[PDB]
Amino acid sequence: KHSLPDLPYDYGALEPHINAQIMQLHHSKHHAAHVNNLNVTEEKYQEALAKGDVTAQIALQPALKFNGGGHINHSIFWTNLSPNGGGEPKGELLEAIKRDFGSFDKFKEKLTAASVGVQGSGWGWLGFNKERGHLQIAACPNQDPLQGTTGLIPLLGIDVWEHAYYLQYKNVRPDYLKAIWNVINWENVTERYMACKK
């Protein structure tokens, strides 16, 4: 049974970068719905699987990927942010960024571009390519999860669905991108990165 995880901070902890109304709706409504729907879908898949009903398993894929992915994505997203975040990472993660993108600032331009480049709903990601052994930027549509659809280990995700920023920045997604850099929990991203050094 999946559950809506608790945020590591209060709804207004990311102000003024991401306002309180967005955090509350995003978490209590959007993420919550993904969780509730995911549980129903999984139960239905178990029933279809037990019956060897292939058509039913196939028909359930859209809801499983969408809500299952949404659960994966938002859960990671909350840990990627912090009221004590911002600045730049340090140590091995910082060195990997320089090595793979030239500089931290160049990395920001790249992740920003991937995030701004999404037409429609989606996510921008900084990931780790296990076979190439280096960092890699990628964009995902709707709620398609990074690992489940590309194989890359997610380290940092940026939600660019309109509900992630509209109330505060309206149509100007770029302003939202410039703002979010102020609340990134580089400690969490670093931990996720080191988990790859397994």
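All residue numbers are counted from 1 along the displayed sequence.
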{"property": "Per the entry, higher mean C-alpha B factor between 121-129 and 105-113", "result": "105-113"}
{"property": "46-54 versus 169-177 - which carries the larger mean C-alpha B factor in the record", "result": "46-54"}
{"property": "Third assignment of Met23 from its chain's C-alpha B-factors", "result": "middle"}
{"property": "Among modelled residues of the same chain, the CA temperature factor third for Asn80", "result": "lowest"}
